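Reviewing the structure listed below.
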Protein chains: 2
Amino acid sequence: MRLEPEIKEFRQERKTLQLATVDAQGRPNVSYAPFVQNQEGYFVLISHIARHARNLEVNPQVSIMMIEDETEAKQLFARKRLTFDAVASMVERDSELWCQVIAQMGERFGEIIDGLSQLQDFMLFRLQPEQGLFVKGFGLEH
Amino acid sequence: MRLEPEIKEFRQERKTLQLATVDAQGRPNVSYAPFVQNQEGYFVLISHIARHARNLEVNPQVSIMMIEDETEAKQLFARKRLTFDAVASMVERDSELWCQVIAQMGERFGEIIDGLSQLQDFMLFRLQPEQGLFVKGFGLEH
């Protein structure tokens, strides 16, 4: 497959981001979150109870990775993946952006989003890429 | 399944760690690496060319996650997973621990290890847990 269409198929199939966040003193945390993406950036809906949400609140930098499953990988030392760093911003509840992304998320993930989007500790973060994109295992590399 | 056997099964079946590292100014990076574990800690063999290896060298804190695959998860918003923070240290090439761990890795991962263990950019890091372990999706929770 050609590079560009393979990237597209991958972004459409993968439902989760792996995230590296940091607290105010720069202690690292790794976590994951289901996501949707659109013209405004990548969006995750996560719990303030968990560290990654409290981290993105105080220190709005994230390293993001979208990666194929261990069991799907031809080569474990070369998992097909897309990686990029981003700047995090919280999305105001019930704002126009909020309603759009929640809608999108419901469409991708279904009923579950109904409950989650009601809970006060669940915050919506917009993540916007800034320093490039790394792509491994696509096109000529597949 | 009971908690303890379910954890045992997971660590045996899961072959990579997802890593959150930080550079000298505390900027996050997300990555992954095949691992082995033994009584000396968790071990990953990674390239100094890549950011995570240079991060671990200069700022040796890391957040580690072992996580079930996306396509296998019953619920995407509750992927079964183990998470822990750790301290990293570099293992001296051709030292006793190096030879011990390379043999273990070759056993888990096969001949690929023969090549990587000979590339000078590939370094062996020991990751040791310092602040307990978070267990999500096991035993009574399953």
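FYI, nothing fancy with the structure tokens labels: chains A, B, ... in order, residues from 1 per chain, ligands from 1 as they appear.
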
Please, which residues in chain B fall within 6 Å of chain A when counting only C-alpha atoms, and what is the closest atom pair and distance in Å to one decimal for each, ordered by chain then residue number, as a Markdown table?
| residue | atom | partner | partner_atom | distance |
| --- | --- | --- | --- | --- |
| B:20 | CA | A:20 | CA | 4.9 |
| B:21 | CA | A:28 | CA | 5.9 |
| B:26 | CA | A:26 | CA | 4.8 |
| B:28 | CA | A:63 | CA | 5.7 |
| B:29 | CA | A:63 | CA | 5.0 |
| B:30 | CA | A:20 | CA | 5.0 |
| B:63 | CA | A:29 | CA | 5.0 |
| B:69 | CA | A:69 | CA | 5.2 |

Shell around residue 4 in chain B at 12 Å using only C-alpha atoms, local window under 2 positions removed, as number ranges by chain: B: 1-2, 6-11, 135, 138-140

Two-atom distance - CA of residue 125 in chain B, CA of residue 51 in chain B (Å): 13.8 Å

Of the listed residues B:130, B:123, B:100, B:141, that which approaches residue 49 in chain B most closely, counting only C-alpha atoms: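 Closest residue, counting only C-alpha atoms: B:123.
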
Strand (DSSP E or B) per DSSP on the backbone: members of range 13-136 of chain B, as an MDAnalysis selection string: chainID B and resid 16:22 28:38 41:47 61:67 81:91 122:129 134:136

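A least-squares superposition of chain A on chain B, with Cα atoms paired in sequence order, returns an RMSD value of 0.3 Å.
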
Who sits within 9 Å of residue 90 in chain A, only C-alpha atoms, same chain under 5 positions skipped, as number ranges by chain: A: 56-57, 123-127

Take the residues from that selection and put them in a file with C-alpha atoms, as an mmCIF file, in the first residue's frame.
data_model
loop_
_atom_site.group_PDB
_atom_site.id
_atom_site.type_symbol
_atom_site.label_atom_id
_atom_site.label_comp_id
_atom_site.auth_asym_id
_atom_site.auth_seq_id
_atom_site.Cartn_x
_atom_site.Cartn_y
_atom_site.Cartn_z
ATOM 1 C CA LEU A 56 -2.320 18.041 31.486
ATOM 2 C CA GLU A 57 -4.024 20.612 33.737
ATOM 3 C CA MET A 123 -12.592 16.608 31.345
ATOM 4 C CA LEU A 124 -12.215 17.106 27.596
ATOM 5 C CA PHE A 125 -8.721 18.007 26.403
ATOM 6 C CA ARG A 126 -7.801 19.290 22.953
ATOM 7 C CA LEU A 127 -4.336 18.188 21.856
#

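The gap separating CA of residue 111 in chain A from CA of residue 3 in chain B is 29.4 Å, in Å to one decimal.
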
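The two atoms in question, CA of residue 12 in chain A and CA of residue 128 in chain A, are spaced 17.8 Å apart.
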
Alpha helix (DSSP H) residues, from DSSP on the backbone, in range 30-108 of chain B, as a PyMOL selection string: chain B and resi 51-58+96-108

Keeping only C-alpha atoms, write the selected residues to a file as a short mmCIF file (atom, residue, chain, number, x, y, z; two decimals), in the first residue's frame.
data_model
loop_
_atom_site.label_atom_id
_atom_site.label_comp_id
_atom_site.auth_asym_id
_atom_site.auth_seq_id
_atom_site.Cartn_x
_atom_site.Cartn_y
_atom_site.Cartn_z
CA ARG B 51 14.72 9.96 22.29
CA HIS B 52 13.70 7.53 25.05
CA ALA B 53 17.24 6.15 25.39
CA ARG B 54 18.76 9.62 25.65
CA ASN B 55 16.03 10.66 28.10
CA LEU B 56 16.65 7.66 30.37
CA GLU B 57 20.35 8.43 30.34
CA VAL B 58 20.02 12.03 31.46
CA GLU B 96 27.91 -9.91 33.92
CA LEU B 97 24.36 -8.58 34.14
CA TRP B 98 24.53 -7.56 30.46
CA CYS B 99 25.43 -11.06 29.32
CA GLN B 100 22.84 -12.55 31.70
CA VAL B 101 20.05 -10.31 30.35
CA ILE B 102 20.98 -10.57 26.67
CA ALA B 103 20.70 -14.36 27.01
CA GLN B 104 17.28 -14.03 28.60
CA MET B 105 16.12 -11.67 25.83
CA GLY B 106 17.38 -13.93 23.08
CA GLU B 107 15.35 -16.63 24.72
CA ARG B 108 12.17 -14.56 24.74
#
